[PDB]
Amino acid sequence: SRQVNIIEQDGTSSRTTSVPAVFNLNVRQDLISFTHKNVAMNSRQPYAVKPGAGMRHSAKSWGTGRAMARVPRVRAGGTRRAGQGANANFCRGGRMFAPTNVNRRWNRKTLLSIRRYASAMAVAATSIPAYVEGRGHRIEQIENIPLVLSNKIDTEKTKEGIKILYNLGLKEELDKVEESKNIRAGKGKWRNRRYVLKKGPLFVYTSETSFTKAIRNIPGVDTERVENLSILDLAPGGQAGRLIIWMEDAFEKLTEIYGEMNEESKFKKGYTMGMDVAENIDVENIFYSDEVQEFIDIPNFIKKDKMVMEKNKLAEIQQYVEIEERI
Amino acid sequence: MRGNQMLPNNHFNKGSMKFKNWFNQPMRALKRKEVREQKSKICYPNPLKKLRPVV
Amino acid sequence: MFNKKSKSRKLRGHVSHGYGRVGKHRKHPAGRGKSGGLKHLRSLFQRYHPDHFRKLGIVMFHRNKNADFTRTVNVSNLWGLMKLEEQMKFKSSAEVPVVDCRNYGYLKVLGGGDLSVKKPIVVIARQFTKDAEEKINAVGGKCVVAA
Amino acid sequence: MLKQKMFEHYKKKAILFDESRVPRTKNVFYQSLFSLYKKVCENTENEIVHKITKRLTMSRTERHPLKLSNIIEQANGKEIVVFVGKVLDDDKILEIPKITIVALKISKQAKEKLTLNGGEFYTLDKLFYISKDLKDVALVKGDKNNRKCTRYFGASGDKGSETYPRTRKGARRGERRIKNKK
Amino acid sequence: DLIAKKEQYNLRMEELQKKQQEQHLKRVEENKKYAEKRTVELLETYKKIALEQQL
Amino acid sequence: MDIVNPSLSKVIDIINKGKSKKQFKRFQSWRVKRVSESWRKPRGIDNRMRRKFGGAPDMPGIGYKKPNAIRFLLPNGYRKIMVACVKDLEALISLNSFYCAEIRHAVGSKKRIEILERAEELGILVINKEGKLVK
RNA sequence: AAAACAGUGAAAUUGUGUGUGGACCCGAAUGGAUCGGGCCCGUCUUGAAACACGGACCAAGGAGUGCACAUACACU
Ligand SMILES: [K+]
Ligand SMILES: [K+]
Ligand SMILES: [K+]
Ligand SMILES: [K+]
Ligand SMILES: [K+]
Ligand SMILES: [K+]
Ligand SMILES: [K+]
Ligand SMILES: [K+]
Ligand SMILES: [K+]
Ligand SMILES: [K+]
Ligand SMILES: [K+]
Ligand SMILES: [K+]
Ligand SMILES: [K+]
Ligand SMILES: [K+]
Ligand SMILES: [Mg+2]
Ligand SMILES: [Mg+2]
Ligand SMILES: [Mg+2]
Ligand SMILES: [Mg+2]
Ligand SMILES: [Mg+2]
Ligand SMILES: [Mg+2]
Ligand SMILES: [Mg+2]
């Protein structure tokens with residue numbers, strides 16, 4: 001397939017590695033979207049109105065014969081509230097139609113087999129330049145994809161941490177995040193969701209290292225372990241192709257986790273990496289193959305004109321002449 | 001009632017019926033973990049669980 | 001499709017919400033539940049549910065499911081209980097397989113179809129049909145009854 | 001003379017693809033495959049190609065699956081068989097004849113069995129390479145009427161009706177069939 | 001490779017389109033000459049058929 | 001502003017003089033102030049407009065739709081595209097034969113100057129050119 | 001019961017000034033008299049312009065929802 005180069009602190013490269021089998025799998029934007037939608041609903045907290053709101057007062061209908069509509073009315077005296085219209089949904093201070101209630105179904109199920117497959121093809125998309133650019137990550141200055149940082153990174157301070165990331169070409173991407181901060185439009189700015197930022201690189205590690213707490217204060221950097229990598233982090237908003245910094249240990253682990261083509265993963269029991277109904281999107285081009293061109297038949301390009309019935313135009317198509325004969 | 005169905009039988013007639021929700025499930029799981037951990041310190045070298053027969 | 005708009009959203013602006021102007025939408029025009037079945041709903045019952053109004057059969061006031069639960073297999077499926085790699089060994093090999101149905105949760109053997117491979121086999125179960133016994137003995141196999 | 005000419009025209013138009021139908025799936029690999037067949041249809045009259053193109057447009061339920069043994073039973077001595085659907089394993093059978101299956105999908109356990117006995121699975125993009133003039137192919141089809149839910153269609157209170165009532169069921173409970181014939 | 005074979009089709013089809021077009025005009029020209037002679041015939045046979053009745 | 005698309009220059013006046021000025025006011029919006037002018041289809045059992053009696057007004061429908069070629073065309077012979085950045089004009093570079101630009105209302109003075117300078121060198125027509133920037 | 005900012009400040013409705021008409025809508029016009037067509041909406045009803053009922057005027061609120069159990073269809 002290919003080899004990939006590891007990168008040391010100073011930006012030198014010397015050692016090289018083979019690439020895991022998961023990266024040869026085709027991408028299904030339908031399934032990535034479906035899985036995103038369901039899983040995003042599992043983090044909700046319930047809301048409801050109070051269980052007997054709008055129903056507090058002593059009210060009764062006046063019945064017919066008083067020249068008034070037969071809505072329930074408030075029993076009182078000494079206040080302007082006497083005779084006003086009480087309980088119904090069309091009344092000021094009355095009860096809402098179908099009060100919201102805690103018994104609603106907040107979460108959603110998705111098959112384990114689809115969750116596994118969606119995460120596999122999300123990982124794959126992180127190494128196609130077309131998808132990575134399409135999300136809006138800018139990668140003009142980056143030498144090659146994917147990036148694999150070495151171990152033996154001995155960094156402990158943020159000062160030296162940024163210098164490393166700059167040497168990998170990430171400067172323009174990081175700047176794009178810092179400049180982005182803005183206050184949200186609408187009522188969300190009152191409900192603890194005040195500031196919005198653009199997404200940036202995700203760092204994936206597997207083994208505990210000091211580099212994690214060196215990079216984390218830099219805006220737009222995000223971190224997760226390979227063994228519990230989530231679709232919310234891999235396809236934000238349900239669009240795939242997030243930029244990823246791999247650690248060398250983590251990149252080798254992808255072979256144990258997803259296995260090899262037409263084999264069974266040891267780490268994910270009962271799961272195997274499958275085949276589409278057609279190998280590529282380009283299959284329409286098979287029409288031009290020798291085998292097809294022998295099969296078909298020669299086309300007719302000559303086509304009839306549309307009917308015309310106007311006097312003058314018709315007379316040039318059918319010139320009529322009289323006859324004298326009476327037969 | 002119209003058409004072909006399995007004949008209904010849904011038991012929601014009783015107005016005094018209680019509902020039980022499970023919004024506490026993740027939190028109560030975390031408490032059970034933290035109780036086992038602290039219990040495990042109190043008797044450090046010894047296993048938390050006893051030996052049991054096979055029947 | 002995984003998502004679709006509802007009908008209720010199209011009915012905004014149309015007076016009757018699709019229930020008719022003359023017939024309307026009232027509270028319970030036919031009665032509650034499955035009541036009326038010997039009377040005004042007799043035509044629904046006699047068409048779709050003819051064996052509803054009756055008492056039938058022998059009565060035991062307590063029954064135990066565990067004492068009566070069973071699952072059945074046919075002779076044509078016996079070789080299928082083994083894994084495919086195992087099947088392909090015993091097909092060529094000189095040895096005779098010894099299959100115990102108890103291990104897969106089957107207790108009774110039925111006589112459906114023909115045996116997959118026409119070589120001897122030992123089958124262990126709790127009960128056999130007369131057809132099953134004849135078919136297994138035909139290939140020189142043996143049926144062993146066990147608890 | 002004319003009555004024959006007319007009927008022979010109707011029979012033809014009943015076979016050909018409609019060209020105002022399209023599959024509902026958002027799968028781009030499936031929509032690719034349909035595009036190929038569609039462009040072949042408008043350049044041919046051959047009935048097998050037209051039948052295949054019409055079947056890719058039908059629903060999941062219309063594309064009912066078949067088991068390996070039933071393909072062989074319907075193959076009627078042909079070498080290549082074609083099927084717009086998924087091929088499943090038959091646990092009742094071990095040895096099979098050598099055969100080439102062109103189809104939409106196959107299960108893991110079926111593919112192994114097919115391979116051990118000698119034989120090949122190809123996807124429907126490759127048909128034109130497997131066969132030169134489509135004379136050695138058979139086309140095969142399942143039937144959605146064999147679903148277990150078809151046992152309840154109709155009215156059990158009609159005379160001579162074979163249908164089953166929708167019922168609660170237990171050791172003693174359950175409505176019987178009473179208006180059938182035996 | 002197939003992207004190159006796509007060009008050979010486009011070329012082949014243009015030749016065929018020009019060819020069929022030229023063959024069409026010749027038919028149209030042929031037909032016009034037959035039609036002239038035939039109309040002169042039939043306008044005279046009507047005249048003959050009429051005299052037969054007078055006789 | 002007095003400018004015209006060069007491909008339609010000798011035709012634009014025929015096109016303009018041919019456009020309908022019909023309005024489809026809601027029934028009885030002339031009778032009570034609580035009913036706005038915006039079209040809604042009448043659905044009454046007795047209603048004279050729904051039943052299409054002579055002397056009642058006309059109702060909208062597909063017959064009135066313009067030819068596909070003429071549709072959406074401004075009176076200067078171009079179609080319009082909205083812009084709010086310098087990087088938006090970059091899209092029009094292939095389409096300037098038939099499309100023109102209209103700067104969004106919320107873009108302020110200092111930024112508008114930068115948009116117009118770019119429009120001049122790329123050769124793109126901007127229809128709000130005067131805008132707020134007259135002073 | 002009502003009542004937030006000493007923000008913004010719509011409609012109903014009133015006075016003054018300037019124009020156009022004598023209930024108003026649709027089609028077509030003049031320098032200028034006008035010509036032709038149109039009964040008040042919503043609703044039950046075989047049948048409403050009705051001597052059938054509701055509607056003085058404006059703003060804002062205001063009615064097929066949630067859960068359980070079988071079901072047919074589309075999609076994985
Ligand atoms: K009360
Ligand atoms: K846990
Ligand atoms: K509904
Ligand atoms: K309805
Ligand atoms: K009504
Ligand atoms: K009764
Ligand atoms: K207009
Ligand atoms: K009426
Ligand atoms: K038109
Ligand atoms: K105020
Ligand atoms: K004020
Ligand atoms: K009424
Ligand atoms: K009257
Ligand atoms: K009344
Ligand atoms: Mg309230
Ligand atoms: Mg707002
Ligand atoms: Mg009714
Ligand atoms: Mg009635
Ligand atoms: Mg009456
Ligand atoms: Mg009144
Ligand atoms: Mg409102």
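In what follows, every chain begins at residue 1, and chains take the letters A, B, ... in the order their sequences are listed. Computed over heavy atoms, backbone and side chain alike; hydrogens, waters and symmetry mates excluded.
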Among [options], single out the residue with the greatest number of heavy-atom pairs under 4.5 Å to chain D.
options                      : result
A/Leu31, A/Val283, A/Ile296  : A/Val283
A/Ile286, A/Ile281, A/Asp282 : A/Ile281
A/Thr272, A/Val277, A/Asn262 : A/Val277

Look at atom [atom1] of [X] and say whether more than 12 heavy atoms of other residues, nucleotides or ligands are closer to it than 6.0 Å.
X        : atom1 : answer
A/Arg225 : CZ    : no
A/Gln141 : CD    : no
A/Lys37  : NZ    : yes
A/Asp305 : CG    : no
D/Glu162 : CD    : no
D/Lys92  : NZ    : no
D/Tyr164 : OH    : no
D/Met58  : CE    : yes

Distance check, rounded to the nearest 0.5 Å: [X] atom [atom1] versus [Y] atom [atom2]?
X        : Y        : atom1 : atom2 : answer
A/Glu291 : D/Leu127 : CD    : CG    : 12.0 Å
D/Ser35  : A/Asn285 : OG    : CG    : 10.5 Å
A/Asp297 : D/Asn46  : CG    : CG    : 11.5 Å
D/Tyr129 : A/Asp290 : OH    : CG    : 9.5 Å
A/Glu284 : D/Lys38  : CD    : NZ    : 10.0 Å
A/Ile298 : D/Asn43  : CD1   : CG    : 9.5 Å

Let me know if D/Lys108 has heavy atoms under 4.5 Å from chain A in its side chain, its backbone, both or neither. side chain

Of the backbone (N, CA, C, O) and the side chain (C-beta and beyond), which part of D/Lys105 lies under 4.5 Å from a heavy atom of chain A, both, or neither? side chain

Heavy-atom pairs under 4.5 Å with chain A: which of D/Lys26, D/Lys39, D/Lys126 has the most? D/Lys39

If you tally heavy-atom pairs under 4.5 Å against chain A, which of D/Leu124, D/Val49, D/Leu134, D/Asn27 wins?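 Looking at each option in turn, the highest pair count goes to D/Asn27.
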
Examine whether an atom of A/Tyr288 lies under 4.5 Å from a heavy atom of chain D, and if so say whether it belongs to the side chain, the backbone or both; otherwise answer neither.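 Just the side chain, heavy atoms under 4.5 Å.
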
With only heavy atoms counted, which part of A/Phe287 is less than 4.5 Å from chain D, the side chain, the backbone, both or neither? both

Give the table of side-chain donor-acceptor pairs shorter than 3.5 Å for residues 118-136 of chain A, with sequence neighbours excluded, one pair per line with atom names and distance.
unit_1: A/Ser119; atom_1: OG; unit_2: A/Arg115; atom_2: O; d: 2.9
unit_1: A/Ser119; atom_1: OG; unit_2: A/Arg116; atom_2: O; d: 3.0
unit_1: A/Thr126; atom_1: OG1; unit_2: A/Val123; atom_2: O; d: 2.7

If we only count heavy atoms from C-beta on, is the D/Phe29 to A/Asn26 side-chain gap below 4.5 Å?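 Contact flag for D/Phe29/A/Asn26 side chains = yes.
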
